[PDB]
Amino acid sequence: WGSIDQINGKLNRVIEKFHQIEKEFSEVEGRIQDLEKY
Amino acid sequence: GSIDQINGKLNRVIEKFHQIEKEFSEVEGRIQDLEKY
Amino acid sequence: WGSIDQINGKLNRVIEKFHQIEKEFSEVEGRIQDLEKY
């Protein structure tokens, strides 16, 4: 099992990071919207 | 089955990344718009 | 992909790329700050 668990671990860490950036993106898009609007 | 799920999970990761790539390109273009007009 | 070596190789190439997108985003975030700052 080791190869499989090490690749799964890494893919999961990538996926968590992607989720985190999607959140940062939403907040940034909010800020853009405020600069476009006001 | 393992190489199979692995493949599956990488492909999920690769699709996410492309969307990320696309979202980033869209933000930066809005930023340009504001900076130049 | 056929092998763990090759999956990890491709994952690594994503991670390298993503590394670069993060730097670009941070620079963009600073640009928003500047625009907010006015």
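Quick reminder, even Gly has a Cβ in these numbers, built from the backbone with ideal geometry, and neighbours come from all protein chains shown. Each value in this text was obtained by applying a stated rule to the coordinates, not by laboratory testing.
Give me the residue from chain C that is basic (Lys, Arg) and either in contact with a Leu (Cβ under 6 Å, 6 or more places away or on another chain) or over 20 Å from A:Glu27 (Cα atoms) (or both) and, out of that set, farthest from the other protein chains (Cβ to nearest Cβ).
Here is the first cut: in chain C, the residues basic (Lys, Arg) are C:10, C:13, C:17, C:23, C:31, C:37.
If we keep only those that are either in contact with a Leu (Cβ under 6 Å, 6 or more places away or on another chain) or over 20 Å from A:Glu27 (Cα atoms) (or both) too, we end up with C:10, C:13, C:17.
On the way: C:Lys10: 6, C:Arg13: 10, C:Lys17: 7 Å.
The residue in question is C:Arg13.
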Count - residues of region A:3-36 that are surrounded by fewer than 12 Cβ atoms within 10 Å (Cβ to Cβ) and within 16 Å of B:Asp4 (Cα to Cα): 2
